[PDB]
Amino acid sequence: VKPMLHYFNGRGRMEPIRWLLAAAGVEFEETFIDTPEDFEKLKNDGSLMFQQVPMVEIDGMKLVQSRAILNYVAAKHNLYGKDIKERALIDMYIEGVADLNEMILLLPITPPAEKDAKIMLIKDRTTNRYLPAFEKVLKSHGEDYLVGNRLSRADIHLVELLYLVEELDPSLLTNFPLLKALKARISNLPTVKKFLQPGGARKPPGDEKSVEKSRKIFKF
């Protein structure tokens, strides 16, 4: 049976699960939360351990917590390294990805006065902290993948973040040629290609009106 993904019809916290399942070549289905009552239904079903989504029905579980879902998917589909040493590298890399992702994820709901400052900070962190660190990993071993010379969730999560960075400002990737190269190679894996092409499961960026709709469903 295909996993079932419960979320708003948008990127938010479910987008990295879509990318990772897609990258693993796993067909999945989505039940969109379009109304407050769609959300209320999942809570009243007892489906949500913490009264929150993402939730993914997979292998007889109703998994909540984005990290728990990703860890399970990655381990099941051999995208979490070969040994605990490789996992330690993967985990360290993707937790960095997670921190920069979280800043970008919450930009839309930043108090309007400090939004410019927040964009400056994200660009500063992007160019001076995160991308330098990942560029140095690729520089150090000259291999096609971040870890174990093999495709892992680290490649998928980083490449998903490079697309977001490019959407924020394409000049931010200018000084990171090895990361641009990763992005091009990962984008051309058969499974990721289908995911990114027209009609794939990838979600578009939100607008003023998708933000307003999500805010009256989730309260933020």
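Counting begins at 1, following the sequence as shown.
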{"query": "Mean temperature factor over C-alpha atoms, higher-scoring stretch between 74 to 82 and 91 to 99", "finding": "74 to 82"}
{"query": "Mean C-alpha temperature factor, higher of 13 to 21 and 205 to 213", "finding": "205 to 213"}
{"query": "Options 31, 52, 171, 187 - largest CA temperature factor per the record", "finding": "171"}
{"query": "Relative C-alpha B-factor of residue 64, binned into the chain's lowest, middle or highest third", "finding": "lowest"}
{"query": "Residue 146 CA temperature factor, ranked by third within the chain", "finding": "middle"}
{"query": "CA B-factor ranking of residue 4, expressed as a third of its chain", "finding": "lowest"}
{"query": "Residue 42 - which third its CA temperature factor falls in, relative to the rest of the chain", "finding": "highest"}
{"query": "CA B-factor ranking of residue 155, expressed as a third of its chain", "finding": "lowest"}
